[PDB]
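Novice: Protein chains in written order, with PDB author numbering: chain e, 18 to 123; chain B, 2 to 398; chain S, 2 to 62; chain Q, 2 to 154; chain y, 1 to 39. Using N, Cα and C, we set each Cβ at its ideal position, and we do this for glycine too. One structure coming up, written as structure tokens, with questions to follow.
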RNA sequence: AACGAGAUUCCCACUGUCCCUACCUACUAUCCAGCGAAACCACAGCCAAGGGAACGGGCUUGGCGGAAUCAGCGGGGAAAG
RNA sequence: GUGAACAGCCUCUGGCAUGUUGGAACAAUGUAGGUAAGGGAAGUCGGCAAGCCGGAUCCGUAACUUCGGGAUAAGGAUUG
RNA sequence: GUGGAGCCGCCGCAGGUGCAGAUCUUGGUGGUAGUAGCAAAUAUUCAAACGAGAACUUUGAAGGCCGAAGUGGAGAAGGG
Ligand SMILES: [Mg+2]
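If you want it as structure tokens, here you go:
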């Protein structure tokens with residue numbers, strides 16, 4: 018029942034591999050969803066369009082190998098689903114992924 | 002009629018049911034038969050192939066043109082943690098074959114054994130052998146437990162031994178012990194059976210079972226290749242390019258009047274993951290791994306008489322898709338059935354041989370521990386950074 | 002909530018293509034109320050329908 | 002109207018019907034032989050997991066070409082499939098019966114599914130186009146499905 | 001109408017695809033592959 | 001002579017045509033959700049030998065014979081058209 | 001824009017949503033596209049099929065001929 | 001038992017007089033089979049809205065395609 022928020026790195030170069038050239042960036046977003054439903058534990062995951070543009074920034078078949086995201090478990094309203102928590106996955110840019118490790122943010 | 006040009010059969014019918022084996026661990030189909038005039042000894046042993054390297058040895062073969070020269074030979078290495086004896090099984094011969102007389106297990110069985118008795122250890126209450134361990138201490142079950150070695154000693158003519166692997170000592174992510182049942186082919190049935198009551202829940206090393214240059218047989222399950230067609234499962238010649246509906250097919254699969262497809266014809270199916278026994282694999286070295294912590298850690302494997310370095314047979318970068326070997330090992334000339342990380346039972350050979358290729362000694366000159374994860378050109382890390390110099394790895398101190 | 006009519010009328014009255022029209026996707030039901038060309042010229046002056054200019058094709062290189 | 006096999010106690014029994022509705026017949030027959038004799042709370046919860054593919058429908062009779070799944074081991078079968086359109090129509094009809102149970106004055110914690118049959122509806126046709134100038138039909142096979150709900154007490 | 005996609009239309013047509021199924025197949029002897037059997 | 005998507009023989013270069021195959025990619029096939037035909041069909045569908053309209057799935061004497069199926073396959077049904 | 005070019009390739013104005021469905025996996029057999037050590041037509045009814053060659057510039061161009069040709073013969077060298 | 005308005009026996013009379021086949025005619029329904037198939041022309045993704053309900057509607061952002069002999073903008077014939 019938390020509302021907590023963390024930030025991670027997602028290497029996409031590992032999690033899509035042996036994928037065809039036209040399925041390479043669309044799998045890169047349903048492997049952000051399968052990351053965020055395993056971690057935060059909710060089926061309802063919303064990603065925003067700046068994280069959409071950050072994966073599609075180089076066409077389909079060249080996804081940038083690693084991205085820095087943050088995940089926001091939140092609660093909902095107005096005749097919500099039988100699960101009332103959902104994750105907002107948004108994009109934070111960084112120039113270096115070396116020595117960055119998944120910190121809990123406030 | 003009469004093919005005009007004779008060929009031989011493609012593939013052997015001695016291995017006909019090209020089927021996935023009904024086992025992951027290689028079954029011993031035959032232990033070597035005994036004369037009871039010998040001292041008392043085990044016959045098989047479980048092992049794990051880790052990867053392959055090669056060798057340099059001064060070959061000794063009088064008559065040959067290789068004689069008194071150095072030859073490189075491909076070896077596999079088989080990591081062998083010691084077996085721990087758990088059970089004793091009796092077998093009485095019938096006119097319907099051998100029949101299990103009864104089994105007696107150890108006083109307290111380990112935890113890696115009890116995991117083999119479960120398809121879901123996590124959903125378990127781990128209640129196996131709780132009622133059986135009490136009869137070793139309860140006097141009523143104990144004075145008939147000593148009866149069921151005396152009934153064992155009287156009636157059954159071959160006894161065997163249940164042992165397992167110590168899976169904590171491996172880099173594998175399995176932790177279920179592989180529980181094998183191997184035959185003690187020594188002397189008479191009294192000496193054969195009081196040599197196994199003596200050593201329940203104790204360790205058995207591999208050099209107590211095998212030796213250097215003592216040629217053995219390797220039993221395993223092959224590299225599984227999946228569902229492949231005729232030209233890979235049976236190695237049939239490809240059809241010419243002009244063929245309609247397909248190149249990689251066997252064209253005529255029979256005549257008209259047997260009016261049925263015969264068993265001796267080739268067609269698609271499961272290739273690999275078959276049970277095989279290789280024969281006549283000579284042992285080149287029984288290495289032992291990583292002794293005590295006073296002499297902080299002697300790595301000291303692969304250190305031949307002519308090397309005298311602080312090398313160790315785990316190569317520079319670790320064995321590819323296996324891990325890093327910390328236990329005793331057996332190294333074997335030649336290829337060995339299996340994938341890496343695969344259980345394989347080393348076993349003494351049934352046939353006797355002298356043949357002047359077995360029973361001759363070998364002395365190693367060299368073992369490369371260069372990287373197998375690429376085209377490695379350095380063998381030890383001190384040998385690299387003396388040749389490489391200092392790098393930008395430090396750049397502050 | 003069809004906005005197919007307003008998209009067609011705007012690109013005819015801005016003298017542009019259907020491709021170069023209309024940023025600000027918030028006010029959906031306000032511009033979906035307008036059905037006429039006289040109503041649609043009012044939304045242009047309120048800035049709820051803009052032109053979205055030409056894609057860059059620099060002759061620099 | 003009149004059903005097949007009028008119940009043994011019509012006072013504490015419920016019934017529903019839907020005619021002429023467009024499902025496949027061969028998928029609805031075998032998802033209804035899965036929930037026959039099943040309690041209404043296990044039946045409503047089983048049908049949700051067919052749509053979520055957590056639990057399957059074994060195809061026992063109409064099984065030509067039906068693949069094999071690991072979830073048919075609960076039924077002691079080998080072949081199974083997950084008809085999500087068929088498990089929604091006899092879930093929407095199972096809601097109608099427990100609406101009739103509380104209008105007939107029945108407890109829903111004791112309702113099991115006594116009788117359920119699927120039988121074929123008259124086929125409605127349209128046509129496709131095959132080679133060499135020939136017409137052949139795409140006839141649909143709808144069904145009439147029908148159920149009695151009976152309290153056990 | 002209020003009852004014209006419900007009570008005009010289900011009468012209107014609903015069997016009008018039934019033009020013959022097959023009108024013979026006048027494609028002139030599909031055994032065009034010359035076979036001719038030993039002559 | 002010049003010209004041939006004309007017929008043929010040799011030579012150079014070139015190559016997976018071949019020795020001798022191997023590997024990679026896309027699309028299918030495969031599995032699932034929806035939707036869904038047709039050809040064909042006496043009844044049907046395991047063999048050997050015998051006799052028989054002389055080349056049986058059934059008859060005769062033998063061999064024998066466990067539900068239900070999946071992916072393939074091209075021996076047979078003297079398969080279909 | 002490149003270029004001899006209304007070639008092909010890439011963009012702008014103007015259109016479109018991949019051609020009567022999606023999702024997961026990446027077996028055999030296919031269809032379409034490629035590579036291959038050494039050998040180089042031994043394959044095959046047959047060099048079938050594929051591959052070599054290719055633009056321009058500067059040289060150099062044989063038999064034969066109806067004196068027009070053959071001829072971009074053949075064969076080289078260069079190219080940013 | 002269903003059904004709801006006609007029917008039958010005997011004596012003579014008269015036939016468009018009794019079906020298992022005709023690659024019969026017409027209509028209906030099976031097995032095959034929940035199978036073959038829904039594979040030519042590179043490609044979609046994210047959010048929101050409207051909605052009982054959204055892989056497919058509209059909108060916005062992105063990535064792409066046609067690339068001026070167009071997948072653009074107009075007509076003739078034909079359709080109505
Ligand atoms: Mg044996």
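Report all residues for which the CB-ligand distance to some heavy atom of ligand 1 is below 7 Å; order them along the chain.
Specialist: So the residues near ligand 1 by this Cβ test are 30(B) and 31(B).
Novice: Which of helix, strand or coil does DSSP assign to residue 90(Q)?
Specialist: Taking the first residue of the fourth chain as position 1, residue 90(Q) is located at position 89. The answer is helix: DSSP assigns residue 90(Q) an H, G or I state.
Novice: Where do the ends of the alpha helix (DSSP H) carrying residue 44(S) lie?
Specialist: Locating residue 44(S) in the third chain gives position 43, counting from the first residue. Its alpha helix (DSSP H) spans residues 38 to 46.
Novice: Strictly by DSSP, which residues pair up with residue 184(B)?
Specialist: For this step, residue 184(B) is matched to residue 183 along the second chain. 161(B), per the DSSP bridge assignment.
Novice: What is the DSSP secondary structure of residue 194(B), reduced to helix, strand or coil?
Specialist: The sequence position of residue 194(B) within the second chain is 193, counting from 1. Residue 194(B) falls in the helix class under three-state DSSP.
Novice: Which value, in whole angstroms, describes the spacing of the CA atoms of residue 3(B) and residue 17(B)?
Specialist: In the second chain, residue 3(B) corresponds to position 2, counting from 1. In the second chain, residue 17(B) corresponds to position 16, counting from 1. Roughly 25 Å separates the two Cα atoms.
Novice: Give me, in chain order, the residues of the same chain whose beta-carbon lies closer than 7 Å to that of residue 118(B); leave out the 5 immediate sequence neighbours on both sides.
Specialist: Reading the second chain from its first residue, position 117 is the one you call residue 118(B). 129, listed in sequence order.
Novice: Buried or exposed: residue 61(S), going by 16 or more other Cβ atoms within 10 Å of its Cβ?
Specialist: As a first step, residue 61(S) is located in the third chain; it is residue number 60 there, counting from the start. Looking at its Cβ environment, which holds fewer than 16 other Cβ atoms inside 10 Å, residue 61(S) is exposed.
Novice: Report the residue ranges of all beta strand (DSSP E) runs contained in full by the stretch 279 to 326 of chain B; include only those spanning at least 3 residues, in chain order.
Specialist: Segments of the beta strand (DSSP E) lying fully in the stretch 279 to 326 of chain B: 284 to 288.
Novice: What residues in its chain sit with their C-beta under 7 Å from that of residue 114(B), if we drop five residues either side in the sequence?
Specialist: For the purposes of this step, residue 114(B) is taken as residue 113 along the second chain, with counting starting at 1. Closer than 7 Å at the Cβ level, and outside the excluded window around residue 114(B), lie 87, 165, 178 and 180.
Novice: Under 8 Å between the Cβ atoms of residue 58(B) and residue 345(B)?
Specialist: Locating residue 58(B) in the second chain gives position 57, counting from the first residue. Locating residue 345(B) in the second chain gives position 344, counting from the first residue. No. Outside cutoff.
Novice: Per DSSP, what are the beta-bridge partners of residue 123(Q) in this structure?
Specialist: As a working mapping, residue 123(Q) is identified with position 122 in the fourth chain. None, per the DSSP bridge assignment.
Novice: Could you tell me the distance, in whole angstroms, from the CA atom of residue 76(B) to the CA atom of residue 121(B)?
Specialist: For this step, residue 76(B) is matched to residue 75 along the second chain. For this step, residue 121(B) is matched to residue 120 along the second chain. Each residue's alpha carbon lies about 38 Å from the other.
Novice: Is it buried or exposed, residue 37(B), if we count other Cβ atoms within 10 angstroms and call 16 or more buried?
Specialist: Within the second chain, residue 37(B) is the residue found at index 36, counting from 1. By the neighbour-count rule (16 or more Cβ atoms within 10 Å), residue 37(B) is not buried but exposed.
Novice: Considering Cα atoms alone, identify which of 187(B), 230(B) and 136(B) is closest to residue 32(B).
Specialist: Sequence index remark: in the second chain, residue 32(B) carries index 31 (1-based). It is 187(B) whose Cα lies nearest to the Cα of residue 32(B).
Novice: At a CB-CB cut-off below 8 Å, which residues of chain y make contact with residue 18(Q)?
Specialist: By 1-based counting over the fourth chain, the position of residue 18(Q) is 17. Chain y residues near residue 18(Q): none, gap ~21 Å exceeds 8 Å.
Novice: Within the chosen definition, does the stretch 20 to 33 of chain e reach the stretch 43 to 50 of chain e through at least 3 CB pairs nearer than 8 Å?
Specialist: The stretch 20 to 33 of chain e vs the stretch 43 to 50 of chain e: in contact.
Novice: Taking residue 372(B) as the reference, which of 363(B), 361(B), 385(B) and 255(B) has the closest Cα?
Specialist: Position 371 of the second chain holds residue 372(B). Comparing Cα-Cα distances from residue 372(B) to each of 363(B), 361(B), 385(B) and 255(B), the minimum goes to 385(B).
Novice: Where does residue 51(B) fall in DSSP's three states?
Specialist: Within the second chain, the letter at position 50 stands for residue 51(B). Looking at residue 51(B) - three-state DSSP - the assignment turns out to be strand.
Novice: Sort 147(Q), 29(Q), 12(Q) and 96(Q) by Cα distance to residue 62(Q) and report the nearest one.
Specialist: In the fourth chain, counting from the first residue as 1, residue 62(Q) sits at position 61. When only C-alpha atoms are compared, the closest one is 29(Q).
Novice: Going along the chain, which residues of its own chain have a beta-carbon closer than 7 Å to the beta-carbon of residue 279(B), five neighbours each way excluded?
Specialist: Residue 279(B) sits at position 278 when you count from the first residue of the second chain. Cβ neighbours of residue 279(B) beyond the five flanking positions: 218, 219, 337 and 338.
Novice: Whole angstroms are fine: how far does the CA of residue 74(e) sit from the CA of residue 67(e)?
Specialist: For this step, residue 67(e) is matched to residue 50 along the first chain. For this step, residue 74(e) is matched to residue 57 along the first chain. About 10 Å.
Novice: With a threshold of 8 Å between beta-carbons, can residue 127(Q) be considered close to chain y, or not?
Specialist: Residue 127(Q) sits at position 126 when you count from the first residue of the fourth chain. Yes, residue 127(Q) counts as interfacial toward chain y.
Novice: Please state whether the Cβ-Cβ distance between residue 52(B) and residue 321(B) is less than 8 Å.
Specialist: Numbered from its first residue, the second chain carries residue 52(B) at position 51. Numbered from its first residue, the second chain carries residue 321(B) at position 320. Yes, they are a contact pair.
Novice: Using the Cβ count rule (16 or more neighbours within 10 Å means buried), how would you classify residue 254(B)?
Specialist: In the second chain, residue 254(B) corresponds to position 253, counting from 1. Label assigned to residue 254(B): exposed.
Novice: For the alpha helix (DSSP H) holding residue 142(B), just list the boundary residues, first then last.
Specialist: For the purposes of this step, residue 142(B) is identified with residue 141 of the second chain, where counting begins at 1. Per DSSP, residue 142(B) belongs to the alpha helix (DSSP H) from 140 to 146.
Novice: Do you know offhand how far residue 214(B)'s Cα is from residue 29(B)'s?
Specialist: Residue 214(B) sits at position 213 when you count from the first residue of the second chain. Residue 29(B) sits at position 28 when you count from the first residue of the second chain. Approximately 22 Å, taken between the alpha carbons.
Novice: Is the Cβ of residue 27(y) closer than 8 Å to any Cβ of chain Q?
Specialist: To locate residue 27(y), count along the fifth chain from 1; it is residue 27. It does; some Cβ of chain Q falls within 8 Å.
Novice: Below 8 Å, can you find three or more Cβ-Cβ pairs linking the stretch 106 to 119 of chain e to the stretch 85 to 95 of chain e?
Specialist: The stretch 106 to 119 of chain e is in contact with the stretch 85 to 95 of chain e.
Novice: Run through chain y and tell me which residues come within less than 9 Å of residue 131(Q), C-beta to C-beta.
Specialist: To locate residue 131(Q), count along the fourth chain from 1; it is residue 130. Residues of chain y passing the Cβ test: none, with the nearest at roughly 11 Å.
Novice: Mind checking the stretch 12 to 25 of chain y against chain Q and listing, in chain order, the residues whose C-beta falls within less than 7 Å of any C-beta there?
Specialist: Hits within the stretch, in order: 17, 21, 22 and 25.
Novice: Count the other CB atoms within 10 Å of the CB of residue 380(B); is the residue buried (16 or more) or exposed (fewer)?
Specialist: Taking the second chain and counting its residues from 1, one reaches residue 380(B) at position 379. Flag for residue 380(B) reads buried.
Novice: Counting contacts by CB-CB distance shorter than 8 Å, is residue 135(Q) in contact with chain y?
Specialist: Counting from one through the fourth chain, the residue named residue 135(Q) turns up at place 134. At least one chain y Cβ lies under 8 Å of residue 135(Q).
Novice: Determine the burial state of residue 184(B): buried for a count of at least 16 other Cβ atoms within 10 Å of its Cβ, exposed for fewer.
Specialist: Residue mapping note: residue 184(B) aligns to position 183 of the second chain, counting from 1. Its Cβ being crowded by 16 or more others within 10 Å, residue 184(B) is buried.
Novice: If you compare alpha carbons, which of 21(Q), 55(Q), 53(Q) and 89(Q) is closest to residue 32(Q)?
Specialist: Numbered from 1 along the fourth chain, position 31 holds the residue referred to as residue 32(Q). Ranking the options by Cα distance to residue 32(Q), first place goes to 89(Q).
Novice: Reducing DSSP to helix, strand and coil, say where residue 102(B) ends up.
Specialist: Within the second chain, the letter at position 101 stands for residue 102(B). Residue 102(B) falls in the strand class under three-state DSSP.
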